[PDB]
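Before any questions on how it binds or moves, here is one chain, the form deposited in one PDB entry, in structure tokens.
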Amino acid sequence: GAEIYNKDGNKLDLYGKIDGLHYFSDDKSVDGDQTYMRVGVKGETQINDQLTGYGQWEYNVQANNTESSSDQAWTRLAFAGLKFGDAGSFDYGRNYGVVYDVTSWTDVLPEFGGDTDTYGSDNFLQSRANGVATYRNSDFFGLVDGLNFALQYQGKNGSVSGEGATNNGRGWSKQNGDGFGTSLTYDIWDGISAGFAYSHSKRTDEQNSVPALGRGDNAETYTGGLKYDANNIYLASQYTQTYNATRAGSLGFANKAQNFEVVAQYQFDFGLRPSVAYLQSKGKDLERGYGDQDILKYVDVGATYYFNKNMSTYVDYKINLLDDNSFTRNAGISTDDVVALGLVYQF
């Protein structure tokens, strides 16, 4: 970020990036120009010696379509909070679900991965979410270095109209009932970490009717993660088991899913950072004769070259291991390989 203001106990950082990005793929819904930018503000005010107030907004602005195209910009984050000494912090707004406190460890590919693969945004507490109240505590009240935890609650974000509605209604794939989540990460020593996360949300009536697949009163996720970040090497893995919470493309939700991501990278001193990763999401107990089906399955190979802290370039290659079948077709799941080339200015 770029600190543009710091006066009378208030500071503002302007941050973002401009990514000149192109995808090459046989999948025409993915192929082509993908240029976009992000811009945001992070503000912090010192209220007193122990209390600080804060706010953060992050906006995504696509720049790959025309000036007459619709729906090209959206808010990723918008929350306000308070932090009190070692007693912890509390924030509310649009923010990450606590499951991402651990799954973020494998969200480090040059381009692919993250909330475009084993989980998505507005997908219960797995990525960015509306209306999350989050309590966080670092170093266990200042008593245990490296031990962090979080407790999170999310109110229902319901249907557009009818009995299940809320003011901010949306379609079944992005709805949620009241829910909660927890996370615990332990940086046991500089560079070695283990993490766990859990979430439990009520599902909505539209989630149990509109989509073809997935039925159940509650959505749940269980995540374990490991991270090694030392000696110029980055290794991470995350395993998440879900119930009625993983999307099976447009078909609905998987009654059960097993998601696994693993990544290995090396950072050369001159700036090059090669990366190899494997990601999979296996749906189980799917209705309508599907049984067990792969929702996502690919090997990723790529590299980022960091010119400095403000400029980088990258290549990423998604080697898609899914086969074309009635499940991927009917769910709108891409089975093609993709090559991305990006040139990024960051601030």
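Heads up, when I say rigid core I mean the largest set of C-alphas that superpose within 1.5 Å between the two forms. Counting begins at 1, following the sequence as shown.
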query: Mean temperature factor over C-alpha atoms, higher-scoring stretch between 157 to 165 and 91 to 99; finding: 157 to 165
query: Comparing 316 to 324 with 34 to 42, the one whose average Cα B-factor in the PDB entry is higher; finding: 316 to 324
query: Selection from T75, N176, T134, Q267 [criterion: highest C-alpha temperature factor in the record]; finding: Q267
query: CA B-factor placement of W57, once the chain's modelled residues are sorted into thirds; finding: lowest
query: CA B-factor ranking of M311, expressed as a third of its chain; finding: lowest
query: Relative C-alpha B-factor of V339, binned into the chain's lowest, middle or highest third; finding: middle
query: Ranked against its chain, the third holding the CA B-factor of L14; finding: highest
query: Where the record places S250 (Cα B-factor, split into thirds across the chain); finding: middle
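The next section is about a form of this same protein that is not shown, the form deposited in another entry.
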| item | value |
| --- | --- |
| Candidates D71, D269, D190, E163 - which moves between this form and the one not shown, C-alpha at least 2 Å, core fixed | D190 |
| Rigid core superposed: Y119 CA moves 2 Å or more between this form and the one not shown | yes |
| Is_shifted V144 between this form and the one not shown (CA, 2 Å cut-off, rigid core) | yes |
| Residue pair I333, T118 - Cα distance in the other form, closer or farther (3 Å or more) | closer |
| Distance direction in the other form for the C-alpha atoms of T118 and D285, relative to the displayed form (3 angstroms or more) | farther |
